[PDB]
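Chains as they are written, first to last, in full-length UniProt numbering: chain A, 284 to 370; chain B, 152 to 158. Here's the structure, in structure tokens; my notes come after.
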Amino acid sequence: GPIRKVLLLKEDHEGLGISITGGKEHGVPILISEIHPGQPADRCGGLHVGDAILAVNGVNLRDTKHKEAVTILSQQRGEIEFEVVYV
Amino acid sequence: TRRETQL
């Protein structure tokens with residue numbers, strides 16, 4: 284799968300609108316498992332279930348544990364660039 | 152026994 288970089292716009296009150304699985308301890312990439320309707324990832328239209336999150340705003344998540352990826356992702360604000368590939 | 156987090 285070709286790498287894509289996708290920008291989403293998040294207001295402060297809302298989450299990213301995704302569920303993720305995986306991470307280093309699981310021996311698989313951080314994977315989008317759900318796209319929540321009406322939330323930023325859905326509104327932006329470039330992120331899909333089955334996409335691996337390789338990086339976010341230039342933070343490499345290829346080798347991060349699940350919880351650390353969650354924390355990094357949950358810290359992002361405003362306009363947020365995802366580097367993703369469909370697995 | 153599966154890790155899934157909503158974000």
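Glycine included, C-beta positions come from ideal geometry on N, C-alpha and C.
| query | Which residue spans inside the segment 307-340 of chain A form an unbroken alpha helix (DSSP H) run of at least 4? | reply | 323-327
| message | With a threshold of 7 Å between beta carbons, is A/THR304 in contact with chain B? | response | yes
| Which chain B residues sit within Cβ distance under 9 Å of A/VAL353? | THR156, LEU158
| Looking at the unbroken alpha helix (DSSP H) that takes in A/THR354, where does it start and where does it end? | 349-357
| task | For the beta strand (DSSP E) holding A/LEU290, just list the boundary residues, first then last. | result | 287-293
| According to the neighbour-count rule (16 or more other Cβ atoms, all chains shown, within 10 Å of its Cβ), is A/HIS349 buried or exposed? | buried
| task | Could you check the C-alpha separation between residue 283 of chain A and A/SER302 for me, to the nearest Å? | result | This structure cannot settle anything about residue 283 of chain A, because the visible part of chain A is limited to 284 through 370.
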